[PDB]
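Novice: Take a look at the following structure, please.
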Amino acid sequence: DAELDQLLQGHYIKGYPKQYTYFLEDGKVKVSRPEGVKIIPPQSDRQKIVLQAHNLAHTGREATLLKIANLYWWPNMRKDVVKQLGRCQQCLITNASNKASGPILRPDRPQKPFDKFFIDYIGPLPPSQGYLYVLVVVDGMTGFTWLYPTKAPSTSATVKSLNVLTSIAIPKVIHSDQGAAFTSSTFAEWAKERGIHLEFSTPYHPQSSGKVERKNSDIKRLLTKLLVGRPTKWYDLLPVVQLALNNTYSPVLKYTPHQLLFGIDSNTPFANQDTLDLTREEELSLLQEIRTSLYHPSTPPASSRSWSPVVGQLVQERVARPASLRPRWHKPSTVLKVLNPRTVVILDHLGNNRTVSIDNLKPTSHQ
Amino acid sequence: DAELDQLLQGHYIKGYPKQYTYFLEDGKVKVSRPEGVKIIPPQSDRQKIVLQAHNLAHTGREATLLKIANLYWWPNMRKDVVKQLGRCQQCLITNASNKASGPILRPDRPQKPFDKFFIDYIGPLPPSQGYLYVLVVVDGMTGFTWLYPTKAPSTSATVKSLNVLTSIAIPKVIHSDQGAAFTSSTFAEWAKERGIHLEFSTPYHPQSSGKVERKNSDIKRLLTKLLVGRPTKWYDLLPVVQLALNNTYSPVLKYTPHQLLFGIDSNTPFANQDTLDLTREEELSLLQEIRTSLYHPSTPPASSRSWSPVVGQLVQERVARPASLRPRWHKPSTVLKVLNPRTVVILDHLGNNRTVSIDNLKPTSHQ
Amino acid sequence: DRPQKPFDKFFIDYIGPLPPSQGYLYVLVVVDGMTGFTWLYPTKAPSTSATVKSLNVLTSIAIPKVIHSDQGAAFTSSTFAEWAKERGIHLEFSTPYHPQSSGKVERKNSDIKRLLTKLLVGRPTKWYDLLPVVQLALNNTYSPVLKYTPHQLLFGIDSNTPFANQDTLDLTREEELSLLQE
Amino acid sequence: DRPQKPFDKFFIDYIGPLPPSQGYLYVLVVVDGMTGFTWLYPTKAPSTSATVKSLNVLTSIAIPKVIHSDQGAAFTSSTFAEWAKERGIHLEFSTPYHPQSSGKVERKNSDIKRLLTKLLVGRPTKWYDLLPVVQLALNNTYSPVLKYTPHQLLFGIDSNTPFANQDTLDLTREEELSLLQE
DNA sequence: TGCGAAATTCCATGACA
DNA sequence: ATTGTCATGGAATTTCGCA
DNA sequence: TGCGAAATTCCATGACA
DNA sequence: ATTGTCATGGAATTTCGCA
Ligand SMILES: Nc1c(C(=O)NCc2ccc(F)cc2F)c(=O)n(O)c2ncc(CCS(=O)(=O)CCN3CCOCC3)cc12
Ligand SMILES: Nc1c(C(=O)NCc2ccc(F)cc2F)c(=O)n(O)c2ncc(CCS(=O)(=O)CCN3CCOCC3)cc12
Ligand SMILES: [Mg+2]
Ligand SMILES: [Mg+2]
Ligand SMILES: [Mg+2]
Ligand SMILES: [Mg+2]
Ligand SMILES: [Mg+2]
Ligand SMILES: [Mg+2]
Ligand SMILES: [Zn+2]
Ligand SMILES: [Zn+2]
């Protein structure tokens, strides 16, 4: 009010250009601007005005200003608009992000077989012999896959299947998503008893299990082809599909998962006989160099408007199963530690420490 | 057999390079190639060999050849491999496509209000006052939207809601997806009785209704924000959201759907008063030029590996609701007519003429 | 002075009571003062409740600066005054027993009362289904003073349903006979 | 001549009958002739059915060129011959009453029969749960002739469970007493 | 005739079952 | 017989205020 | 030392709940 | 406290067969 009082008598105030005629009309300070005559409200009334214009339809920066600009003008209107956008809780948790995640990491292939297992469940499927799910275990180094039909994606069915598998070899690490079968205390006990470190994907991010997920696609794709025109009796086909995929060439690797695991084909059709004259010790020597020279992809180019996490940044976690007409994002939280450009720890919306993928995060807008 | 007989005695045969020693061993014609000694099977046995190697895991071109190359060699092996891939029905209907659709078309904005309505249903939603769905009617030219709560996405609820809406004006065209409420014979009769042409999107392609679909996002987004911390009682908010979105500025257009429809704001907050001194006839004259000078987007650049439909091409339609372990694509069909680079008519897998979007099509591989 | 514009003033009034049609007895008539555009809302009573319920539908499309009406009870109630104040709508009443509107609005309300009667005869209990087509006729009726229909004045375009062949708006000798009997 | 390789020859034989453990009585022993790698499959009978059911699990991982066994009924049946022919597996039998294997396989089968007995005492009906850990021990047992374990010869890597501290493989004086009583 | 800052425009991002 | 759309907020670009 | 064709490599596309 | 993956088939590139 006092600030606007000096403007009417011709005195200069920083932010208000001098080349405009500031007058009074109907008890309101006005100004003749090129767009027309606009009301200059006092400083004490500008927060409420921006709030009323925004609350009409909870619009963003430009759509809110265009409302205010129809009646009012003051120095740095968007600065006050953005100030309210960052304080509107409903917008922060409901609006979608407009910044893509950073480029994906391509973690190094495990150096040796049985260094890391990727396990996951497929299902539910059409009932076949009373079985509904399939436990899929993929060796990260070789891609060699084991298939186990189960009646439920349970810890008991996982333990019983992995006990049979671990008869051949014990893995260093078993990687899995955070499903109920793999996060149960019983499964952790089973792994500790055998000296196996349980590695868990960030929640709701199947990309992290992409090794076994991508194998799931080939399993279902092969099962689909073998079941064309037949009833979906997939139980008896699991051994067929397991053997077929384990002996299938990867065109980019030039080897099959069987070859990367054993260094020699078994009595399967079209078995490679290149190392027939070599000895087993010479074969394993050639196999060890093959396992090291395998092609490995690199991180792709970042998209032109990506964002990378910084310690202390306000980020919001995507809501897992958002109910109808409910916000898609949790309230803002702080980045505690940046494990890699794609994985961070945040102070959860419940107060806990949560390790999440940036794919399930957005940077809180307007700082 | 006779063809291979001349090769053993040193005679030249086209396709077999002369600089190799073709001999016989264990009753089989062999050749000493750089990769090793490979068996040259007779012409009469090569189709069965490619079939056995492919049928192992129904692999594509390179993964099938790498199997055959472990034992056999003959002129132009991939030519025989691709020949079988194009004749394997299970692969053609199960494999995913690797060619993206052509760039999207940006159809011209309707020149006048009520030239074309885009209608669609939102729901089901949490029960509010016994209502579960929302009929959304968007005027293509203005974006002006009408909201109608219904208990079901039915033809009767559509007719009752549009009878109230058509009290204000009758549209030339009503565009909708091929849902049950809009494809019923009763709805066609209702539109013919009022001289309204019913335009239908290609099936299972909500992009075609993108005008009203995109408005659905804003409706739910605003409903979500207004219901934060409250029970989802969205029935009484439909008039609020309708009025709020119809008076919301589009930052790229610089106008609200209300302004594009009426050329003047009503007694809503922050009403624009620029044309206050103009007459109504001068206002409508300014409105008619605004409706023509509106920004219109252009077709984006085609992706580096897109495909455009050609009359007579073998294409496959995506299966609508593919059951578990069932193919994702229908058997190959022929393109009858190319309506636009994104829409074609095909001879359906049932024998009918079907107008489909290329987003729900893939080109049959291997011609 | 500012030229008259749409949404500057809505003239509202009740027509009824009428023969029951699907449970409705009255018709709330809303006319824009500048364009002559007419909205028809069927109500069950000339009450503030029925008026708010129908004007809430209209005010979810466009809000007038001023609502004009006579001193009817439904419009002079404190509930309706609070309803108008909550939406920034100034209420404006004509003097009791001195109905004041405008020449355009007076003639528009005349056409409505006459057009309703012409279609009431023969089917006096089926007018609820006819309210949509009545609004189309009224809003596409050529205005001799402005040389534009209410539709053209409100939207700035021609209508997809022009009404060139209009009715007589007068009762034929047979419709006149089947009305005195009712 | 081609050097001996894994999957060139699988030696199979039945061990049993044993005390019942979760409904199983026999153990199908499969040993790779080159690496000495051992697979143990519990069966309910020394039948062709039980053999096919267990070898179907193994042949879904790797198929041998040759399967060697004695003239047992489960292996000389026409059903098992058709099963081997369908998978391209040549069957090879030792002369009746003249069991023929290999030095590595003979000693491997010796270790299996002895290692089974050492853990049968005290818990004769709980060996089904121990078959996984028995295979790990057998397949990570250092071979003096080849100076590599079966795991290393099959996979070309060291195992994450090396077995340096191995058992005595001989019955202690107390285990010997609690066995004659059984 | 050019500077710094504010204002405007640009546009990749994502979600409409 | 038909076809994506557009609010969003940092960034890029233009315009403004002043000299 | 270079040509045409075959062979190989490249890699955008899409789907794994 | 953790991280995408890879079969696929036209296209781009390289290699082969021959001179
Ligand atoms: N969605 C799943 C997909 C999937 O979509 N694949 C599709 C897919 C998409 C993109 C991609 F690149 C790969 C991919 F496979 C999946 O594959 N698999 O295997 C899953 N497996 C378990 C669960 C339940 C997770 S859960 O509900 O149990 C979490 C409980 N708690 C976690 C900790 O926080 C509290 C809650 C989901 C999925
Ligand atoms: N999936 C729907 C979405 C949707 O996903 N939106 C999400 C979406 C995704 C991408 C996009 F860019 C926009 C978009 F809105 C939808 O919005 N709306 O509105 C729908 N409306 C009806 C039906 C049923 C169609 S159906 O089953 O009735 C077909 C019956 N017959 C047709 C003829 O052939 C025989 C079968 C589905 C949807
Ligand atoms: Mg999972
Ligand atoms: Mg999965
Ligand atoms: Mg729909
Ligand atoms: Mg929709
Ligand atoms: Mg009255
Ligand atoms: Mg025997
Ligand atoms: Zn908001
Ligand atoms: Zn196939």
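Ligands are numbered from 1 in the order shown, chains are lettered A, B, ... in the order of the structure tokens, and residues start at 1 in each chain.
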With only C-alpha atoms (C1' of nucleotides) as the counted atoms, please give the residues lying no more than 8 Å from residue D:37, apart from itself and same-chain residues fewer than 2 positions off, as a list in words.

Specialist: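 Within the cut-off, the hits are residues 31, 32, 33, 35, 39, 138, 139, 150, 151 and 154 of chain D.
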
Novice: Given a cut-off of 8 Å, what residues near ligand 5 show up using only C-alpha atoms (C1' of nucleotides) and all ligand atoms, put as a PyMOL selection string?

Specialist: (chain B and resi 120-122+176-179+206) or (chain E and resi 17)

Novice: When the cut-off is 9 Å and we count only C-alpha atoms, which residues of chain B are near chain C, given as an mmCIF file with N, CA, C and O atoms, in the first residue's frame?

Specialist:
```cif
data_model
loop_
_atom_site.group_PDB
_atom_site.id
_atom_site.type_symbol
_atom_site.label_atom_id
_atom_site.label_comp_id
_atom_site.auth_asym_id
_atom_site.auth_seq_id
_atom_site.Cartn_x
_atom_site.Cartn_y
_atom_site.Cartn_z
ATOM 1 N N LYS B 112 -15.225 -25.242 -37.711
ATOM 2 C CA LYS B 112 -16.262 -24.588 -36.933
ATOM 3 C C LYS B 112 -16.614 -25.414 -35.701
ATOM 4 O O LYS B 112 -16.457 -26.638 -35.703
ATOM 5 N N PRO B 113 -17.092 -24.773 -34.636
ATOM 6 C CA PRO B 113 -17.697 -25.535 -33.542
ATOM 7 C C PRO B 113 -18.887 -26.334 -34.049
ATOM 8 O O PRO B 113 -19.570 -25.938 -34.995
ATOM 9 N N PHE B 114 -19.113 -27.480 -33.414
ATOM 10 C CA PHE B 114 -20.176 -28.426 -33.743
ATOM 11 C C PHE B 114 -19.991 -29.080 -35.108
ATOM 12 O O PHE B 114 -20.909 -29.748 -35.596
ATOM 13 N N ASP B 115 -18.828 -28.914 -35.742
ATOM 14 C CA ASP B 115 -18.554 -29.678 -36.956
ATOM 15 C C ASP B 115 -18.310 -31.144 -36.633
ATOM 16 O O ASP B 115 -18.769 -32.032 -37.362
ATOM 17 N N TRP B 146 -18.356 -31.310 -22.573
ATOM 18 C CA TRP B 146 -19.519 -31.571 -21.739
ATOM 19 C C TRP B 146 -19.329 -32.897 -21.016
ATOM 20 O O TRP B 146 -18.865 -33.875 -21.610
ATOM 21 N N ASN B 163 -29.203 -36.145 -25.982
ATOM 22 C CA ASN B 163 -30.438 -35.397 -26.203
ATOM 23 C C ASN B 163 -30.417 -34.079 -25.440
ATOM 24 O O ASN B 163 -30.868 -33.048 -25.953
ATOM 25 N N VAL B 164 -29.888 -34.089 -24.215
ATOM 26 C CA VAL B 164 -29.751 -32.847 -23.460
ATOM 27 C C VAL B 164 -28.730 -31.933 -24.125
ATOM 28 O O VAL B 164 -28.943 -30.721 -24.243
ATOM 29 N N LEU B 165 -27.610 -32.499 -24.579
ATOM 30 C CA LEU B 165 -26.567 -31.690 -25.199
ATOM 31 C C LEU B 165 -27.037 -31.102 -26.523
ATOM 32 O O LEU B 165 -26.842 -29.910 -26.787
ATOM 33 N N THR B 166 -27.662 -31.920 -27.371
ATOM 34 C CA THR B 166 -28.127 -31.431 -28.664
ATOM 35 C C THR B 166 -29.266 -30.427 -28.548
ATOM 36 O O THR B 166 -29.719 -29.920 -29.579
ATOM 37 N N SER B 167 -29.742 -30.132 -27.335
ATOM 38 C CA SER B 167 -30.671 -29.022 -27.162
ATOM 39 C C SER B 167 -30.013 -27.692 -27.501
ATOM 40 O O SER B 167 -30.706 -26.738 -27.871
ATOM 41 N N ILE B 168 -28.689 -27.607 -27.382
ATOM 42 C CA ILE B 168 -28.002 -26.354 -27.660
ATOM 43 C C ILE B 168 -27.612 -26.243 -29.134
ATOM 44 O O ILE B 168 -27.682 -25.150 -29.707
ATOM 45 N N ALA B 169 -27.241 -27.355 -29.768
ATOM 46 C CA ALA B 169 -26.828 -27.373 -31.164
ATOM 47 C C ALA B 169 -26.658 -28.818 -31.598
ATOM 48 O O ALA B 169 -26.333 -29.687 -30.784
ATOM 49 N N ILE B 170 -26.881 -29.063 -32.880
ATOM 50 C CA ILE B 170 -26.722 -30.385 -33.478
ATOM 51 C C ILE B 170 -25.373 -30.417 -34.204
ATOM 52 O O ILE B 170 -25.089 -29.492 -34.975
ATOM 53 N N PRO B 171 -24.545 -31.426 -33.975
ATOM 54 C CA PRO B 171 -23.261 -31.507 -34.679
ATOM 55 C C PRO B 171 -23.377 -32.199 -36.027
ATOM 56 O O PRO B 171 -24.250 -33.036 -36.260
ATOM 57 N N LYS B 172 -22.466 -31.825 -36.930
ATOM 58 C CA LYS B 172 -22.381 -32.512 -38.215
ATOM 59 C C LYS B 172 -21.972 -33.967 -38.027
ATOM 60 O O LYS B 172 -22.634 -34.881 -38.533
ATOM 61 N N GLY B 195 -29.807 -36.373 -38.381
ATOM 62 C CA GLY B 195 -28.897 -35.959 -39.435
ATOM 63 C C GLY B 195 -27.449 -35.861 -39.006
ATOM 64 O O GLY B 195 -26.731 -34.963 -39.465
ATOM 65 N N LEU B 238 -18.314 -32.978 -11.094
ATOM 66 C CA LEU B 238 -18.376 -32.935 -12.552
ATOM 67 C C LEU B 238 -18.773 -31.570 -13.101
ATOM 68 O O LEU B 238 -18.149 -31.136 -14.084
ATOM 69 N N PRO B 239 -19.771 -30.861 -12.559
ATOM 70 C CA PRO B 239 -20.012 -29.491 -13.042
ATOM 71 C C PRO B 239 -18.850 -28.556 -12.773
ATOM 72 O O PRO B 239 -18.555 -27.692 -13.608
ATOM 73 N N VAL B 240 -18.178 -28.706 -11.630
ATOM 74 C CA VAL B 240 -17.036 -27.853 -11.318
ATOM 75 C C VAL B 240 -15.907 -28.092 -12.314
ATOM 76 O O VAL B 240 -15.328 -27.147 -12.862
ATOM 77 N N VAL B 241 -15.588 -29.362 -12.569
ATOM 78 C CA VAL B 241 -14.488 -29.690 -13.470
ATOM 79 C C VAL B 241 -14.823 -29.281 -14.900
ATOM 80 O O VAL B 241 -13.966 -28.765 -15.629
ATOM 81 N N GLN B 242 -16.070 -29.502 -15.323
ATOM 82 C CA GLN B 242 -16.488 -29.076 -16.655
ATOM 83 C C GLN B 242 -16.277 -27.579 -16.844
ATOM 84 O O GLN B 242 -15.662 -27.145 -17.826
ATOM 85 N N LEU B 243 -16.770 -26.774 -15.901
ATOM 86 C CA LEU B 243 -16.597 -25.330 -16.006
ATOM 87 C C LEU B 243 -15.130 -24.931 -15.917
ATOM 88 O O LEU B 243 -14.698 -24.007 -16.616
ATOM 89 N N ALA B 244 -14.349 -25.618 -15.080
ATOM 90 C CA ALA B 244 -12.954 -25.232 -14.891
ATOM 91 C C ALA B 244 -12.123 -25.508 -16.139
ATOM 92 O O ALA B 244 -11.311 -24.669 -16.546
ATOM 93 N N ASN B 246 -13.251 -25.967 -19.299
ATOM 94 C CA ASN B 246 -13.714 -25.187 -20.437
ATOM 95 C C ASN B 246 -13.198 -23.757 -20.403
ATOM 96 O O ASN B 246 -13.146 -23.107 -21.452
ATOM 97 N N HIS B 258 -13.831 -22.155 -23.841
ATOM 98 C CA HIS B 258 -14.967 -21.242 -23.779
ATOM 99 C C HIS B 258 -14.795 -20.088 -24.757
ATOM 100 O O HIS B 258 -15.736 -19.722 -25.471
ATOM 101 N N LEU B 260 -12.912 -19.943 -27.529
ATOM 102 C CA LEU B 260 -13.012 -20.394 -28.913
ATOM 103 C C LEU B 260 -14.452 -20.694 -29.307
ATOM 104 O O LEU B 260 -14.796 -20.620 -30.492
ATOM 105 N N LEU B 261 -15.305 -21.031 -28.339
ATOM 106 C CA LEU B 261 -16.701 -21.325 -28.634
ATOM 107 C C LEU B 261 -17.569 -20.073 -28.660
ATOM 108 O O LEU B 261 -18.424 -19.933 -29.541
ATOM 109 N N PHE B 262 -17.367 -19.155 -27.713
ATOM 110 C CA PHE B 262 -18.227 -17.989 -27.580
ATOM 111 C C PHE B 262 -17.573 -16.677 -27.987
ATOM 112 O O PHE B 262 -18.292 -15.709 -28.252
ATOM 113 N N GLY B 263 -16.244 -16.612 -28.041
ATOM 114 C CA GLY B 263 -15.589 -15.359 -28.356
ATOM 115 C C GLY B 263 -15.610 -14.331 -27.249
ATOM 116 O O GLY B 263 -15.192 -13.191 -27.476
ATOM 117 N N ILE B 264 -16.084 -14.697 -26.060
ATOM 118 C CA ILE B 264 -16.132 -13.785 -24.922
ATOM 119 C C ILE B 264 -16.302 -14.616 -23.660
ATOM 120 O O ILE B 264 -17.080 -15.574 -23.631
ATOM 121 N N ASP B 265 -15.561 -14.249 -22.618
ATOM 122 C CA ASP B 265 -15.678 -14.946 -21.347
ATOM 123 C C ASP B 265 -16.989 -14.587 -20.657
ATOM 124 O O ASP B 265 -17.540 -13.499 -20.843
ATOM 125 N N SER B 266 -17.492 -15.523 -19.863
ATOM 126 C CA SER B 266 -18.687 -15.290 -19.068
ATOM 127 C C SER B 266 -18.266 -14.787 -17.687
ATOM 128 O O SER B 266 -17.109 -14.417 -17.470
ATOM 129 N N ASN B 267 -19.194 -14.779 -16.734
ATOM 130 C CA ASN B 267 -18.910 -14.261 -15.397
ATOM 131 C C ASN B 267 -18.155 -15.297 -14.557
ATOM 132 O O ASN B 267 -18.581 -15.695 -13.475
ATOM 133 N N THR B 268 -17.003 -15.728 -15.077
ATOM 134 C CA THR B 268 -16.075 -16.601 -14.370
ATOM 135 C C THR B 268 -14.904 -15.793 -13.830
ATOM 136 O O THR B 268 -14.643 -14.680 -14.294
ATOM 137 N N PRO B 269 -14.178 -16.314 -12.837
ATOM 138 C CA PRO B 269 -13.040 -15.562 -12.296
ATOM 139 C C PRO B 269 -11.985 -15.295 -13.358
ATOM 140 O O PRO B 269 -11.675 -16.156 -14.185
ATOM 141 N N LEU B 276 -14.064 -5.495 -24.666
ATOM 142 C CA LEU B 276 -15.195 -4.900 -23.964
ATOM 143 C C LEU B 276 -15.783 -3.726 -24.737
ATOM 144 O O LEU B 276 -16.998 -3.499 -24.686
ATOM 145 N N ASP B 277 -14.946 -2.981 -25.460
ATOM 146 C CA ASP B 277 -15.403 -1.840 -26.241
ATOM 147 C C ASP B 277 -15.902 -2.225 -27.628
ATOM 148 O O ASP B 277 -16.638 -1.446 -28.244
ATOM 149 N N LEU B 278 -15.520 -3.394 -28.133
ATOM 150 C CA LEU B 278 -16.024 -3.849 -29.418
ATOM 151 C C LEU B 278 -17.498 -4.225 -29.310
ATOM 152 O O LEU B 278 -18.020 -4.501 -28.228
ATOM 153 N N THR B 279 -18.173 -4.224 -30.455
ATOM 154 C CA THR B 279 -19.534 -4.726 -30.517
ATOM 155 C C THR B 279 -19.515 -6.241 -30.691
ATOM 156 O O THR B 279 -18.476 -6.852 -30.950
ATOM 157 N N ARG B 280 -20.690 -6.854 -30.548
ATOM 158 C CA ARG B 280 -20.775 -8.300 -30.714
ATOM 159 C C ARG B 280 -20.418 -8.710 -32.138
ATOM 160 O O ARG B 280 -19.740 -9.722 -32.349
ATOM 161 N N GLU B 281 -20.855 -7.927 -33.126
ATOM 162 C CA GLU B 281 -20.516 -8.233 -34.512
ATOM 163 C C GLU B 281 -19.019 -8.081 -34.758
ATOM 164 O O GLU B 281 -18.418 -8.883 -35.483
ATOM 165 N N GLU B 283 -16.883 -8.516 -32.372
ATOM 166 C CA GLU B 283 -16.306 -9.603 -31.587
ATOM 167 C C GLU B 283 -16.328 -10.911 -32.367
ATOM 168 O O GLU B 283 -15.329 -11.638 -32.408
ATOM 169 N N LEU B 284 -17.465 -11.230 -32.990
ATOM 170 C CA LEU B 284 -17.554 -12.445 -33.792
ATOM 171 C C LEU B 284 -16.633 -12.388 -35.001
ATOM 172 O O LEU B 284 -16.111 -13.422 -35.431
ATOM 173 N N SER B 285 -16.424 -11.196 -35.563
ATOM 174 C CA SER B 285 -15.478 -11.060 -36.664
ATOM 175 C C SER B 285 -14.061 -11.380 -36.205
ATOM 176 O O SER B 285 -13.322 -12.086 -36.899
ATOM 177 N N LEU B 287 -13.426 -13.268 -33.662
ATOM 178 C CA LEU B 287 -13.452 -14.679 -33.293
ATOM 179 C C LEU B 287 -13.268 -15.577 -34.510
ATOM 180 O O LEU B 287 -12.593 -16.610 -34.429
ATOM 181 N N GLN B 288 -13.864 -15.203 -35.645
ATOM 182 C CA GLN B 288 -13.749 -16.030 -36.841
ATOM 183 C C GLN B 288 -12.319 -16.071 -37.363
ATOM 184 O O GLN B 288 -11.879 -17.109 -37.871
#
```

Novice: Select from chain C everything DSSP, run on the backbone, classes as helix (DSSP H, G or I), then give the selection as a ChimeraX atom specification.

Specialist: /C:48-58,73-76,78-86,103-120,131-139,150-155,173-180

Novice: Output as a list in words the set of chain B residues within 9 Å of chain G, with distances taken over only C-alpha atoms (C1' of nucleotides).

Specialist: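 Per the criterion, chain B yields residues 76, 96, 97, 98, 99, 100, 303, 304 and 305 of chain B.
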
Novice: Any idea what's packed within 7 Å of stretch 325-334 of chain A, counting only C-alpha atoms (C1' of nucleotides), ignoring anything in its chain fewer than 4 positions away? Could you give it as a ChimeraX atom specification?

Specialist: /A:93-94,312-319,346-349,364 /B:220,223-224

Novice: Filtering to N, CA, C and O atoms, could you give me those residues as a compact mmCIF listing (two decimals), in the first residue's frame?

Specialist:
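Here's the written file again-v4.txt:
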```txt
# COMPACT_ATOMS: atom_id res chain seq x y z
N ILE A 93 1.77 -33.87 -6.43
CA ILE A 93 1.58 -35.32 -6.34
C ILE A 93 0.72 -35.88 -7.47
O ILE A 93 0.66 -37.11 -7.63
N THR A 94 0.05 -35.03 -8.24
CA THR A 94 -0.83 -35.50 -9.31
C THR A 94 -0.26 -35.27 -10.70
O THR A 94 -0.44 -36.13 -11.58
N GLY A 312 20.36 -34.78 -1.85
CA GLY A 312 19.64 -33.65 -1.29
C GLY A 312 18.51 -33.13 -2.15
O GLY A 312 17.76 -32.26 -1.69
N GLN A 313 18.36 -33.63 -3.37
CA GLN A 313 17.31 -33.17 -4.27
C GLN A 313 15.95 -33.65 -3.80
O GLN A 313 15.81 -34.76 -3.26
N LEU A 314 14.93 -32.81 -3.99
CA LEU A 314 13.55 -33.20 -3.71
C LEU A 314 13.02 -34.02 -4.87
O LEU A 314 12.88 -33.52 -5.99
N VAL A 315 12.74 -35.30 -4.61
CA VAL A 315 12.20 -36.21 -5.61
C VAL A 315 10.94 -36.85 -5.04
O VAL A 315 10.73 -36.89 -3.82
N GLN A 316 10.10 -37.35 -5.93
CA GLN A 316 8.85 -37.99 -5.54
C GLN A 316 8.81 -39.40 -6.11
O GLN A 316 9.15 -39.61 -7.28
N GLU A 317 8.41 -40.36 -5.28
CA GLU A 317 8.32 -41.74 -5.70
C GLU A 317 6.95 -42.02 -6.31
O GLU A 317 5.92 -41.57 -5.79
N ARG A 318 6.94 -42.76 -7.41
CA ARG A 318 5.70 -43.16 -8.04
C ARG A 318 4.90 -44.05 -7.10
O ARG A 318 5.44 -44.95 -6.46
N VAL A 319 3.59 -43.78 -7.01
CA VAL A 319 2.72 -44.65 -6.23
C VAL A 319 2.60 -45.99 -6.93
O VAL A 319 2.43 -46.07 -8.15
N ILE A 346 16.21 -42.85 -0.73
CA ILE A 346 15.42 -41.68 -0.36
C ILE A 346 14.84 -41.89 1.03
O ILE A 346 14.64 -43.01 1.49
N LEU A 347 14.56 -40.77 1.69
CA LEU A 347 13.83 -40.77 2.96
C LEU A 347 12.35 -40.95 2.63
O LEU A 347 11.68 -40.00 2.22
N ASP A 348 11.85 -42.17 2.83
CA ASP A 348 10.55 -42.59 2.34
C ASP A 348 9.42 -41.70 2.87
O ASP A 348 9.58 -40.98 3.85
N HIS A 349 8.27 -41.77 2.18
CA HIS A 349 7.08 -41.04 2.62
C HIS A 349 6.54 -41.56 3.95
O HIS A 349 5.68 -40.90 4.55
N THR A 364 10.88 -33.15 -8.05
CA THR A 364 9.83 -32.22 -7.64
C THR A 364 9.99 -30.91 -8.40
O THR A 364 11.07 -30.31 -8.40
N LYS B 220 -9.65 -36.43 -15.23
CA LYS B 220 -9.23 -37.24 -14.09
C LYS B 220 -8.15 -36.54 -13.28
O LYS B 220 -8.15 -36.62 -12.05
N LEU B 223 -9.99 -34.00 -11.22
CA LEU B 223 -10.77 -34.70 -10.21
C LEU B 223 -9.88 -35.26 -9.11
O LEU B 223 -10.24 -35.22 -7.93
N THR B 224 -8.70 -35.77 -9.48
CA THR B 224 -7.78 -36.30 -8.48
C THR B 224 -7.34 -35.21 -7.51
O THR B 224 -7.34 -35.42 -6.29
```

Novice: Identify, counting only C-alpha atoms (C1' of nucleotides) and all ligand atoms, the protein, DNA and RNA residues located within 12 Å of ligand 8, and give them as a PyMOL selection string.

Specialist: chain D and resi 11-16+26-30+46-47+51+68-76+93-101+109

Novice: Any chance you could list, as an mmCIF file with C-alpha atoms, in the first residue's frame, the residues in stretch 2-66 of chain C that come up strand (DSSP E) when DSSP is run on the backbone?

Specialist:
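This went into result21.cif:
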```
data_model
loop_
_atom_site.group_PDB
_atom_site.id
_atom_site.type_symbol
_atom_site.label_atom_id
_atom_site.label_comp_id
_atom_site.auth_asym_id
_atom_site.auth_seq_id
_atom_site.Cartn_x
_atom_site.Cartn_y
_atom_site.Cartn_z
ATOM 1 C CA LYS C 9 -27.828 -10.559 -18.433
ATOM 2 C CA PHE C 10 -29.926 -13.722 -18.203
ATOM 3 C CA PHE C 11 -33.699 -13.325 -18.037
ATOM 4 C CA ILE C 12 -35.325 -16.167 -16.116
ATOM 5 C CA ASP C 13 -38.972 -16.960 -15.451
ATOM 6 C CA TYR C 14 -41.239 -19.939 -14.830
ATOM 7 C CA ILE C 15 -43.885 -21.197 -17.254
ATOM 8 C CA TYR C 26 -42.988 -26.369 -14.907
ATOM 9 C CA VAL C 27 -40.431 -24.988 -17.359
ATOM 10 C CA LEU C 28 -37.656 -22.617 -16.292
ATOM 11 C CA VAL C 29 -37.005 -20.247 -19.202
ATOM 12 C CA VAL C 30 -33.552 -18.651 -19.394
ATOM 13 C CA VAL C 31 -32.948 -16.128 -22.181
ATOM 14 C CA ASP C 32 -29.685 -14.330 -22.850
ATOM 15 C CA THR C 38 -32.910 -19.683 -24.819
ATOM 16 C CA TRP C 39 -32.382 -22.553 -22.388
ATOM 17 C CA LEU C 40 -35.382 -24.621 -21.269
ATOM 18 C CA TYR C 41 -35.199 -26.608 -18.026
ATOM 19 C CA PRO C 42 -38.158 -28.727 -16.832
ATOM 20 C CA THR C 43 -38.808 -28.567 -13.084
ATOM 21 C CA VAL C 66 -26.721 -10.442 -14.017
#
```
